[PDB]
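Just one chain is shown here, as structure tokens, and it is the form deposited in one PDB entry.
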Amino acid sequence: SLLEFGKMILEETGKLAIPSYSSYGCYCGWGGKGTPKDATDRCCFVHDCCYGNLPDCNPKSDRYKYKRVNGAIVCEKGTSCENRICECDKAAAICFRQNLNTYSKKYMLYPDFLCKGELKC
């Protein structure tokens, strides 16, 4: 679920998901279109594609369980949808952590009109 994902993001990065990752670039949050602005935004593009692999799952609301094995995220067994949603969220949180060094506040609240075009998953 979005609330869990926000907690996983905060745990990984030390940034609050809202507002650091909820309106960032072209894909973090509302998403849709354009060339991702930077590595962090690319994390969000891939996460959007990951959710898109799961058209009959409901990632905003479906809760999954995960644990920490020392710092590593281990998705625990739930339903198929929950397992897959967890792996998508885990990857995004790790991606955000791996790209904190280039995270840029100038991309927060990035305007939709600067995000134009395709980019297939």
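Numbers for residues come from their place in the sequence shown, where the first is 1. Here the rigid core means the biggest group of C-alpha atoms that line up within 1.5 Å when the two forms are laid on top of each other.
Of 109-117 and 10-18, the stretch whose C-alpha atoms sit farther from the shown form in 8 other deposited structures of this protein, after fitting on the rigid core, is 109-117. A fit on the rigid core, followed by a root mean square over CA positions in 8 other deposited structures of this protein, ranks 91-99 against 26-34 and picks 26-34 as the more shifted one. The PDB entry records a higher mean C-alpha B factor for 23-31 than for its counterpart among 23-31 and 37-45. Stretches 91-99 and 67-75 differ in mean C-alpha B factor, with the higher average recorded for 67-75.
There is another form of the same protein, the form solved in complex with a partner chain; it is not shown, and what comes next is about it.
Contact check for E82: no non-hydrogen atom falls within 4.5 Å of the partner chain in the deposited complex. Of the heavy atoms in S104, none are within 4.5 Å of the partner chain in the deposited complex.
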